[PDB]
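J.: PDB, C-alpha atoms and all ligand atoms, saved as model-v2.pdb, coming up:
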MODEL        1
ATOM      1  CA  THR A   1     124.261 137.807 117.274  1.00  0.00           C
ATOM      2  CA  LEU A   2     123.895 134.842 114.968  1.00  0.00           C
ATOM      3  CA  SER A   3     123.375 131.258 116.150  1.00  0.00           C
ATOM      4  CA  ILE A   4     122.564 127.857 114.708  1.00  0.00           C
ATOM      5  CA  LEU A   5     119.711 125.986 116.375  1.00  0.00           C
ATOM      6  CA  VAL A   6     119.514 122.303 115.500  1.00  0.00           C
ATOM      7  CA  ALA A   7     118.930 118.810 116.792  1.00  0.00           C
ATOM      8  CA  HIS A   8     121.003 116.033 115.243  1.00  0.00           C
ATOM      9  CA  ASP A   9     121.502 112.382 116.151  1.00  0.00           C
ATOM     10  CA  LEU A  10     124.662 110.314 116.582  1.00  0.00           C
ATOM     11  CA  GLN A  11     125.327 110.358 112.830  1.00  0.00           C
ATOM     12  CA  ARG A  12     124.138 113.925 112.388  1.00  0.00           C
ATOM     13  CA  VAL A  13     120.742 113.080 110.899  1.00  0.00           C
ATOM     14  CA  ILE A  14     118.447 116.125 111.194  1.00  0.00           C
ATOM     15  CA  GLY A  15     115.558 115.168 108.894  1.00  0.00           C
ATOM     16  CA  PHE A  16     113.484 112.419 107.307  1.00  0.00           C
ATOM     17  CA  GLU A  17     110.901 113.150 104.602  1.00  0.00           C
ATOM     18  CA  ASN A  18     110.655 116.794 105.623  1.00  0.00           C
ATOM     19  CA  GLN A  19     109.973 115.959 109.262  1.00  0.00           C
ATOM     20  CA  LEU A  20     111.955 115.379 112.433  1.00  0.00           C
ATOM     21  CA  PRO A  21     112.553 111.613 112.736  1.00  0.00           C
ATOM     22  CA  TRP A  22     112.099 111.677 116.515  1.00  0.00           C
ATOM     23  CA  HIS A  23     109.369 112.670 118.946  1.00  0.00           C
ATOM     24  CA  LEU A  24     111.020 114.686 121.734  1.00  0.00           C
ATOM     25  CA  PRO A  25     108.911 117.261 123.632  1.00  0.00           C
ATOM     26  CA  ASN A  26     111.870 118.429 125.753  1.00  0.00           C
ATOM     27  CA  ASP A  27     113.774 119.505 122.641  1.00  0.00           C
ATOM     28  CA  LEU A  28     110.868 121.497 121.228  1.00  0.00           C
ATOM     29  CA  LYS A  29     110.485 123.246 124.581  1.00  0.00           C
ATOM     30  CA  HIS A  30     114.216 123.971 124.437  1.00  0.00           C
ATOM     31  CA  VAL A  31     113.642 125.616 121.053  1.00  0.00           C
ATOM     32  CA  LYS A  32     110.724 127.659 122.375  1.00  0.00           C
ATOM     33  CA  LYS A  33     112.703 128.961 125.351  1.00  0.00           C
ATOM     34  CA  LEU A  34     115.720 129.941 123.251  1.00  0.00           C
ATOM     35  CA  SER A  35     114.022 131.518 120.289  1.00  0.00           C
ATOM     36  CA  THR A  36     110.897 133.138 121.751  1.00  0.00           C
ATOM     37  CA  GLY A  37     111.283 136.924 121.693  1.00  0.00           C
ATOM     38  CA  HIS A  38     113.910 136.828 118.957  1.00  0.00           C
ATOM     39  CA  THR A  39     114.266 135.916 115.279  1.00  0.00           C
ATOM     40  CA  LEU A  40     114.202 132.616 113.409  1.00  0.00           C
ATOM     41  CA  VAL A  41     115.671 132.227 109.938  1.00  0.00           C
ATOM     42  CA  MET A  42     114.698 129.183 107.899  1.00  0.00           C
ATOM     43  CA  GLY A  43     114.550 127.877 104.336  1.00  0.00           C
ATOM     44  CA  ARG A  44     111.377 127.362 102.338  1.00  0.00           C
ATOM     45  CA  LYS A  45     111.062 123.621 102.901  1.00  0.00           C
ATOM     46  CA  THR A  46     111.465 123.966 106.642  1.00  0.00           C
ATOM     47  CA  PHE A  47     108.653 126.532 106.743  1.00  0.00           C
ATOM     48  CA  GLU A  48     106.368 124.212 104.764  1.00  0.00           C
ATOM     49  CA  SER A  49     107.330 121.686 107.420  1.00  0.00           C
ATOM     50  CA  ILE A  50     106.241 123.864 110.334  1.00  0.00           C
ATOM     51  CA  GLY A  51     103.503 125.163 108.067  1.00  0.00           C
ATOM     52  CA  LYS A  52     102.785 128.381 109.903  1.00  0.00           C
ATOM     53  CA  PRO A  53     105.139 130.828 111.618  1.00  0.00           C
ATOM     54  CA  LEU A  54     106.069 130.252 115.251  1.00  0.00           C
ATOM     55  CA  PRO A  55     104.200 132.586 117.664  1.00  0.00           C
ATOM     56  CA  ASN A  56     105.949 135.257 119.671  1.00  0.00           C
ATOM     57  CA  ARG A  57     109.057 135.804 117.595  1.00  0.00           C
ATOM     58  CA  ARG A  58     110.004 137.131 114.172  1.00  0.00           C
ATOM     59  CA  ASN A  59     109.759 134.336 111.589  1.00  0.00           C
ATOM     60  CA  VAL A  60     111.877 134.838 108.462  1.00  0.00           C
ATOM     61  CA  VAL A  61     112.000 132.564 105.410  1.00  0.00           C
ATOM     62  CA  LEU A  62     114.766 132.219 102.841  1.00  0.00           C
ATOM     63  CA  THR A  63     113.330 131.343  99.441  1.00  0.00           C
ATOM     64  CA  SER A  64     113.837 132.140  95.763  1.00  0.00           C
ATOM     65  CA  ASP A  65     110.098 132.433  95.195  1.00  0.00           C
ATOM     66  CA  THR A  66     109.466 136.159  94.735  1.00  0.00           C
ATOM     67  CA  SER A  67     105.778 135.226  94.736  1.00  0.00           C
ATOM     68  CA  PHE A  68     106.178 134.332  98.403  1.00  0.00           C
ATOM     69  CA  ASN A  69     104.050 136.548 100.650  1.00  0.00           C
ATOM     70  CA  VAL A  70     102.851 134.791 103.792  1.00  0.00           C
ATOM     71  CA  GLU A  71     100.959 136.383 106.675  1.00  0.00           C
ATOM     72  CA  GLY A  72     103.288 136.762 109.663  1.00  0.00           C
ATOM     73  CA  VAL A  73     106.454 135.986 107.737  1.00  0.00           C
ATOM     74  CA  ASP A  74     109.254 138.237 106.609  1.00  0.00           C
ATOM     75  CA  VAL A  75     110.797 137.024 103.363  1.00  0.00           C
ATOM     76  CA  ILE A  76     114.387 137.309 102.209  1.00  0.00           C
ATOM     77  CA  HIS A  77     115.956 136.110  98.995  1.00  0.00           C
ATOM     78  CA  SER A  78     119.685 136.042  99.647  1.00  0.00           C
ATOM     79  CA  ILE A  79     121.881 134.772 102.468  1.00  0.00           C
ATOM     80  CA  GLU A  80     123.315 138.262 102.732  1.00  0.00           C
ATOM     81  CA  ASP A  81     119.996 139.629 104.002  1.00  0.00           C
ATOM     82  CA  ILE A  82     120.542 137.672 107.216  1.00  0.00           C
ATOM     83  CA  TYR A  83     123.256 140.055 108.398  1.00  0.00           C
ATOM     84  CA  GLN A  84     120.772 142.935 108.234  1.00  0.00           C
ATOM     85  CA  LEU A  85     118.306 141.431 110.693  1.00  0.00           C
ATOM     86  CA  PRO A  86     118.668 142.983 114.165  1.00  0.00           C
ATOM     87  CA  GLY A  87     118.810 141.216 117.521  1.00  0.00           C
ATOM     88  CA  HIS A  88     119.513 137.568 118.246  1.00  0.00           C
ATOM     89  CA  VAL A  89     118.971 135.673 114.994  1.00  0.00           C
ATOM     90  CA  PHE A  90     118.672 131.878 115.030  1.00  0.00           C
ATOM     91  CA  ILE A  91     119.369 129.834 111.912  1.00  0.00           C
ATOM     92  CA  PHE A  92     116.557 127.380 112.259  1.00  0.00           C
ATOM     93  CA  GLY A  93     116.829 124.852 109.428  1.00  0.00           C
ATOM     94  CA  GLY A  94     117.196 123.085 107.305  1.00  0.00           C
ATOM     95  CA  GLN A  95     120.114 121.206 105.797  1.00  0.00           C
ATOM     96  CA  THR A  96     120.755 123.731 103.036  1.00  0.00           C
ATOM     97  CA  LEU A  97     120.726 126.625 105.493  1.00  0.00           C
ATOM     98  CA  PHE A  98     123.014 124.978 108.037  1.00  0.00           C
ATOM     99  CA  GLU A  99     125.443 124.058 105.273  1.00  0.00           C
ATOM    100  CA  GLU A 100     125.440 127.678 104.132  1.00  0.00           C
ATOM    101  CA  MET A 101     125.680 129.278 107.559  1.00  0.00           C
ATOM    102  CA  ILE A 102     127.726 126.965 109.774  1.00  0.00           C
ATOM    103  CA  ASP A 103     130.918 128.807 108.834  1.00  0.00           C
ATOM    104  CA  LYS A 104     129.317 132.183 109.519  1.00  0.00           C
ATOM    105  CA  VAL A 105     127.515 131.885 112.845  1.00  0.00           C
ATOM    106  CA  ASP A 106     128.882 132.940 116.236  1.00  0.00           C
ATOM    107  CA  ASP A 107     127.717 129.845 118.064  1.00  0.00           C
ATOM    108  CA  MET A 108     125.494 126.788 117.858  1.00  0.00           C
ATOM    109  CA  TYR A 109     122.848 125.412 120.185  1.00  0.00           C
ATOM    110  CA  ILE A 110     122.869 121.717 119.337  1.00  0.00           C
ATOM    111  CA  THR A 111     120.749 118.922 120.727  1.00  0.00           C
ATOM    112  CA  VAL A 112     122.556 115.623 120.253  1.00  0.00           C
ATOM    113  CA  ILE A 113     119.991 112.852 119.959  1.00  0.00           C
ATOM    114  CA  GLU A 114     121.844 109.860 121.375  1.00  0.00           C
ATOM    115  CA  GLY A 115     120.384 107.494 118.798  1.00  0.00           C
ATOM    116  CA  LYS A 116     120.800 106.364 115.198  1.00  0.00           C
ATOM    117  CA  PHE A 117     117.774 107.190 113.058  1.00  0.00           C
ATOM    118  CA  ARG A 118     116.903 106.779 109.396  1.00  0.00           C
ATOM    119  CA  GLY A 119     117.445 110.178 107.785  1.00  0.00           C
ATOM    120  CA  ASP A 120     117.564 111.835 104.405  1.00  0.00           C
ATOM    121  CA  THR A 121     118.921 115.168 105.616  1.00  0.00           C
ATOM    122  CA  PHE A 122     122.096 115.813 107.609  1.00  0.00           C
ATOM    123  CA  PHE A 123     123.995 118.437 109.573  1.00  0.00           C
ATOM    124  CA  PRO A 124     127.413 119.181 108.039  1.00  0.00           C
ATOM    125  CA  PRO A 125     130.392 117.561 109.775  1.00  0.00           C
ATOM    126  CA  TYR A 126     132.189 119.849 112.214  1.00  0.00           C
ATOM    127  CA  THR A 127     135.139 119.583 114.608  1.00  0.00           C
ATOM    128  CA  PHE A 128     135.575 120.362 118.293  1.00  0.00           C
ATOM    129  CA  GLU A 129     138.992 121.700 117.331  1.00  0.00           C
ATOM    130  CA  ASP A 130     136.869 124.586 116.087  1.00  0.00           C
ATOM    131  CA  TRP A 131     134.137 124.731 118.713  1.00  0.00           C
ATOM    132  CA  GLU A 132     134.358 125.366 122.462  1.00  0.00           C
ATOM    133  CA  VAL A 133     131.796 123.659 124.684  1.00  0.00           C
ATOM    134  CA  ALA A 134     130.329 126.583 126.621  1.00  0.00           C
ATOM    135  CA  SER A 135     127.854 124.178 128.199  1.00  0.00           C
ATOM    136  CA  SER A 136     126.669 120.591 128.013  1.00  0.00           C
ATOM    137  CA  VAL A 137     123.538 119.470 129.812  1.00  0.00           C
ATOM    138  CA  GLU A 138     121.739 116.132 129.716  1.00  0.00           C
ATOM    139  CA  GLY A 139     118.062 116.438 128.882  1.00  0.00           C
ATOM    140  CA  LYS A 140     115.841 114.618 131.347  1.00  0.00           C
ATOM    141  CA  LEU A 141     114.252 111.338 130.298  1.00  0.00           C
ATOM    142  CA  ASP A 142     110.752 110.377 131.346  1.00  0.00           C
ATOM    143  CA  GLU A 143     107.541 108.710 130.238  1.00  0.00           C
ATOM    144  CA  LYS A 144     107.112 111.306 127.494  1.00  0.00           C
ATOM    145  CA  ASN A 145     110.773 111.978 126.660  1.00  0.00           C
ATOM    146  CA  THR A 146     112.458 108.653 126.188  1.00  0.00           C
ATOM    147  CA  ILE A 147     115.451 109.282 123.913  1.00  0.00           C
ATOM    148  CA  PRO A 148     118.710 110.330 125.604  1.00  0.00           C
ATOM    149  CA  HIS A 149     119.808 113.791 124.476  1.00  0.00           C
ATOM    150  CA  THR A 150     122.252 116.558 125.342  1.00  0.00           C
ATOM    151  CA  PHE A 151     121.989 120.312 124.989  1.00  0.00           C
ATOM    152  CA  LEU A 152     125.314 121.620 123.694  1.00  0.00           C
ATOM    153  CA  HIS A 153     126.096 125.282 123.442  1.00  0.00           C
ATOM    154  CA  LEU A 154     129.176 125.635 121.259  1.00  0.00           C
ATOM    155  CA  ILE A 155     131.154 128.786 120.517  1.00  0.00           C
ATOM    156  CA  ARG A 156     133.609 129.307 117.662  1.00  0.00           C
ATOM    157  CA  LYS A 157     137.236 129.216 118.802  1.00  0.00           C
ATOM    158  CA  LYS A 158     139.943 131.306 118.584  1.00  0.00           C
TER     159      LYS A 158
HETATM  160  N1  LIG B 201     116.544 118.588 113.345  1.00  0.00           N
HETATM  161  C1  LIG B 201     116.589 119.902 113.124  1.00  0.00           C
HETATM  162  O1  LIG B 201     117.266 120.799 113.971  1.00  0.00           O
HETATM  163  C2  LIG B 201     115.880 120.427 111.917  1.00  0.00           C
HETATM  164  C3  LIG B 201     115.712 119.578 110.841  1.00  0.00           C
HETATM  165  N2  LIG B 201     115.192 120.050 109.676  1.00  0.00           N
HETATM  166  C4  LIG B 201     115.059 119.104 108.560  1.00  0.00           C
HETATM  167  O2  LIG B 201     115.799 119.613 107.472  1.00  0.00           O
HETATM  168  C5  LIG B 201     115.242 119.147 106.261  1.00  0.00           C
HETATM  169  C6  LIG B 201     115.020 120.315 105.320  1.00  0.00           C
HETATM  170  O3  LIG B 201     116.256 120.746 104.804  1.00  0.00           O
HETATM  171  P1  LIG B 201     116.348 121.087 103.237  1.00  0.00           P
HETATM  172  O4  LIG B 201     115.636 120.012 102.511  1.00  0.00           O
HETATM  173  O5  LIG B 201     117.739 121.437 102.883  1.00  0.00           O
HETATM  174  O6  LIG B 201     115.477 122.424 103.104  1.00  0.00           O
HETATM  175  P2  LIG B 201     115.596 123.875 103.774  1.00  0.00           P
HETATM  176  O7  LIG B 201     114.690 123.959 104.941  1.00  0.00           O
HETATM  177  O8  LIG B 201     116.993 124.256 104.064  1.00  0.00           O
HETATM  178  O9  LIG B 201     115.027 124.789 102.599  1.00  0.00           O
HETATM  179  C7  LIG B 201     115.649 124.744 101.343  1.00  0.00           C
HETATM  180  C8  LIG B 201     115.086 125.922 100.586  1.00  0.00           C
HETATM  181  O10 LIG B 201     115.445 127.128 101.232  1.00  0.00           O
HETATM  182  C9  LIG B 201     115.600 128.139 100.250  1.00  0.00           C
HETATM  183  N3  LIG B 201     116.997 128.585 100.204  1.00  0.00           N
HETATM  184  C10 LIG B 201     118.056 127.980 100.828  1.00  0.00           C
HETATM  185  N4  LIG B 201     119.172 128.686 100.552  1.00  0.00           N
HETATM  186  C11 LIG B 201     118.841 129.733  99.763  1.00  0.00           C
HETATM  187  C12 LIG B 201     119.593 130.754  99.199  1.00  0.00           C
HETATM  188  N5  LIG B 201     120.903 130.816  99.407  1.00  0.00           N
HETATM  189  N6  LIG B 201     118.973 131.705  98.419  1.00  0.00           N
HETATM  190  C13 LIG B 201     117.610 131.633  98.204  1.00  0.00           C
HETATM  191  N7  LIG B 201     116.867 130.614  98.765  1.00  0.00           N
HETATM  192  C14 LIG B 201     117.473 129.678  99.534  1.00  0.00           C
HETATM  193  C15 LIG B 201     115.198 127.489  98.938  1.00  0.00           C
HETATM  194  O11 LIG B 201     113.797 127.563  98.835  1.00  0.00           O
HETATM  195  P3  LIG B 201     113.016 127.640  97.427  1.00  0.00           P
HETATM  196  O12 LIG B 201     112.999 126.277  96.773  1.00  0.00           O
HETATM  197  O13 LIG B 201     111.596 128.065  97.741  1.00  0.00           O
HETATM  198  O14 LIG B 201     113.719 128.664  96.568  1.00  0.00           O
HETATM  199  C16 LIG B 201     115.585 126.054  99.162  1.00  0.00           C
HETATM  200  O15 LIG B 201     114.951 125.159  98.286  1.00  0.00           O
HETATM  201  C17 LIG B 201     113.942 118.456 106.619  1.00  0.00           C
HETATM  202  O16 LIG B 201     114.129 117.063 106.581  1.00  0.00           O
HETATM  203  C18 LIG B 201     113.652 118.901 108.030  1.00  0.00           C
HETATM  204  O17 LIG B 201     112.920 117.921 108.722  1.00  0.00           O
HETATM  205  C19 LIG B 201     114.850 121.370 109.541  1.00  0.00           C
HETATM  206  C20 LIG B 201     115.010 122.243 110.609  1.00  0.00           C
HETATM  207  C21 LIG B 201     115.529 121.769 111.808  1.00  0.00           C
HETATM  208  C1  LIG B 202     111.662 119.942 110.633  1.00  0.00           C
HETATM  209  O1  LIG B 202     110.568 119.988 111.540  1.00  0.00           O
HETATM  210  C2  LIG B 202     110.695 120.867 112.594  1.00  0.00           C
HETATM  211  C3  LIG B 202     111.876 121.582 112.797  1.00  0.00           C
HETATM  212  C4  LIG B 202     111.967 122.487 113.845  1.00  0.00           C
HETATM  213  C5  LIG B 202     113.246 123.261 114.031  1.00  0.00           C
HETATM  214  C6  LIG B 202     114.123 122.699 115.126  1.00  0.00           C
HETATM  215  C7  LIG B 202     113.722 121.675 115.934  1.00  0.00           C
HETATM  216  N1  LIG B 202     114.563 121.212 116.969  1.00  0.00           N
HETATM  217  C8  LIG B 202     115.814 121.789 117.198  1.00  0.00           C
HETATM  218  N2  LIG B 202     116.599 121.358 118.208  1.00  0.00           N
HETATM  219  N3  LIG B 202     116.243 122.830 116.357  1.00  0.00           N
HETATM  220  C9  LIG B 202     115.411 123.280 115.324  1.00  0.00           C
HETATM  221  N4  LIG B 202     115.927 124.271 114.569  1.00  0.00           N
HETATM  222  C10 LIG B 202     110.875 122.674 114.707  1.00  0.00           C
HETATM  223  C11 LIG B 202     109.705 121.920 114.524  1.00  0.00           C
HETATM  224  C12 LIG B 202     109.596 121.038 113.435  1.00  0.00           C
HETATM  225  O2  LIG B 202     108.484 120.263 113.138  1.00  0.00           O
HETATM  226  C13 LIG B 202     107.175 120.828 113.105  1.00  0.00           C
HETATM  227  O3  LIG B 202     108.676 122.040 115.443  1.00  0.00           O
HETATM  228  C14 LIG B 202     108.775 122.785 116.666  1.00  0.00           C
HETATM  229  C15 LIG B 202     107.479 123.554 116.979  1.00  0.00           C
HETATM  230  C16 LIG B 202     106.159 122.884 116.728  1.00  0.00           C
HETATM  231  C17 LIG B 202     106.608 124.014 115.844  1.00  0.00           C
HETATM  232  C18 LIG B 202     109.962 123.704 116.713  1.00  0.00           C
HETATM  233  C19 LIG B 202     110.931 123.637 115.798  1.00  0.00           C
ENDMDL
END
Could you render the structure from this file as structure tokens?
Ligand SMILES: NC(=O)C1=CN([C@@H]2O[C@H](COP(=O)(O)OP(=O)(O)OC[C@H]3O[C@@H](n4cnc5c(N)ncnc54)[C@H](OP(=O)(O)O)[C@@H]3O)[C@@H](O)[C@H]2O)C=CC1
Ligand SMILES: COc1cc(Cc2cnc(N)nc2N)c2c(c1OC)O[C@H](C1CC1)C=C2
T.:
Amino acid sequence: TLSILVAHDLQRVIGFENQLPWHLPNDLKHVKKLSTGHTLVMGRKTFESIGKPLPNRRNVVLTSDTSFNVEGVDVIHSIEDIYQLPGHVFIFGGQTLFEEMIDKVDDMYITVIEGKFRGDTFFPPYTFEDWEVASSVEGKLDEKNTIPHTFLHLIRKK
């Protein structure tokens, strides 16, 4: 089973200068709950962004660098390797990977950040004609989590 996992804002910004443009603890917890015990797949730049692999799940990095050999990371070198990985695989980032996968994945777990940020990376446009809302749940706001946001689970129609 193959899912996208992503947070994008009202204009589908996902990234600025190789970071997330927002501080949102609730979203990162969301990620941890979903992906813990399973597999992440991510592109090189995204890994450099997180910098080490996430504990307690199988971290996998897509890169062309056949020199790449990082402790605690599986490495793959084509897209087509993804379909070999067993279990629940999450496509984790970033823009290049989403672009390449969005047409391929079963479903997407999207956090809509209900704001407009400055970005330099974007999620590809998509249509609800194509995507059934299996659930939609407002994140809770609070002293520490102050941007409105919604957890969407979308499943490919038809
Ligand atoms: N808000 C969110 O949900 C998330 C946002 N982001 C944001 O996304 C942005 C990063 O996206 P982007 O810059 O596109 O980088 P990516 O994280 O998608 O990594 C791009 C790299 O992945 C490798 N790669 C991708 N496709 C292939 C392929 N088909 N075959 C071999 N290697 C491949 C290449 O690495 P190499 O050069 O080593 O060959 C490529 O340069 C950042 O701004 C980050 O903050 C990232 C994750 C989540
Ligand atoms: C691009 O930056 C990140 C992307 C991501 C990826 C990511 C973040 N948020 C959402 N909703 N989907 C994603 N695929 C993460 C992330 C990032 O910054 C360190 O951090 C956290 C924990 C501390 C490591 C988790 C994920």
J.: Taking all atoms listed in the file and a cut-off of 10 Å, can you tell me which residues surround ligand LIG 202 (chain B), written as a ChimeraX atom specification?
T.: /A:4-8,14-32,34-35,40-42,45-55,90-95,98,109-113,151
J.: Find the residue from A:144, A:116, A:12, A:157 that sits nearest to ligand LIG 201 (chain B); use all atoms listed in the file when measuring.
T.: A:12
J.: Nearest to residue 63 of chain A among A:130, A:96, A:87, A:33, with distances taken over all atoms listed in the file: which residue is it?
T.: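 The closest residue to residue 63 of chain A is A:96.
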J.: Would you write out, as a list in words, every residue that the PyMOL selection byres (((chain A and resi 124) around 6) and not hetatm) captures in this file?
T.: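 In the shown coordinates, the PyMOL selection byres (((chain A and resi 124) around 6) and not hetatm) covers residues 99, 123 and 125 of chain A.
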J.: To box ligand LIG 201 (chain B), take all atoms listed in the file, fit an axis-aligned box, add 6 Å on each side, and give centre and edge lengths in Å to one decimal, as JSON.
T.:
{"center_x": 116.2, "center_y": 124.4, "center_z": 105.3, "size_x": 21.3, "size_y": 26.6, "size_z": 29.4}
J.: Quick one, how far is atom CA of residue 60 of chain A from atom CA of residue 106 of chain A?
T.: 18.8 Å
J.: I'd like to know which of A:122, A:114, A:56, A:84 is closest to ligand LIG 201 (chain B), using only C-alpha atoms and all ligand atoms.
T.: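 Closest to ligand LIG 201 (chain B), using only C-alpha atoms and all ligand atoms: A:122.
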J.: Tell me, in Å to one decimal, how far atom CA of residue 88 of chain A is from atom CA of residue 38 of chain A.
T.: 5.7 Å
J.: So how many Å separate atom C18 of ligand LIG 201 (chain B) and atom CA of residue 89 of chain A, to one decimal?
T.: 18.9 Å
J.: With distances taken over only C-alpha atoms, which residue among A:136, A:3, A:59, A:145 lies nearest residue 36 of chain A?
T.: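 Nearest candidate to residue 36 of chain A out of A:136, A:3, A:59, A:145: A:59.
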J.: Identify which of the residues A:97, A:154, A:70, A:75 lies closest to ligand LIG 201 (chain B), counting only C-alpha atoms and all ligand atoms when measuring atom-to-atom distances.
T.: A:97
J.: Tell me which residues come within 10 Å of (128.5, 136.2, 101.1), as a PDB file with C-alpha atoms, keeping the file's coordinate frame, counting only C-alpha atoms in the file's coordinates.
T.:
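The resulting file, selection_20.pdb, is reproduced below:
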ATOM      1  CA  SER A  78     119.685 136.042  99.647  1.00  0.00           C
ATOM      2  CA  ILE A  79     121.881 134.772 102.468  1.00  0.00           C
ATOM      3  CA  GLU A  80     123.315 138.262 102.732  1.00  0.00           C
ATOM      4  CA  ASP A  81     119.996 139.629 104.002  1.00  0.00           C
ATOM      5  CA  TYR A  83     123.256 140.055 108.398  1.00  0.00           C
ATOM      6  CA  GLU A 100     125.440 127.678 104.132  1.00  0.00           C
ATOM      7  CA  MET A 101     125.680 129.278 107.559  1.00  0.00           C
ATOM      8  CA  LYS A 104     129.317 132.183 109.519  1.00  0.00           C
TER       9      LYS A 104
END
J.: When distances are computed from all atoms listed in the file, which of A:127, A:150, A:121, A:69 shows the smallest separation from ligand LIG 201 (chain B)?
T.: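 Closest residue, counting all atoms listed in the file: A:121.
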J.: Can you spell out as number ranges by chain the set of residues that the PyMOL selection byres (((chain A and resi 139) around 6) and not hetatm) selects in the structure I just provided?
T.: A: 138, 140, 149-150
J.: Include C-alpha atoms and write out the residues we just selected as a PDB file, in the frame of the given file.
T.:
ATOM      1  CA  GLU A 138     121.739 116.132 129.716  1.00  0.00           C
ATOM      2  CA  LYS A 140     115.841 114.618 131.347  1.00  0.00           C
ATOM      3  CA  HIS A 149     119.808 113.791 124.476  1.00  0.00           C
ATOM      4  CA  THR A 150     122.252 116.558 125.342  1.00  0.00           C
TER       5      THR A 150
END
J.: Would you pick out the contacts of residue 64 of chain A at 10 Å or less, using only C-alpha atoms, so that residues sharing its chain but fewer than 4 positions from it are not included, and give the list as a PyMOL selection string?
T.: chain A and resi 43-44+68+75-78
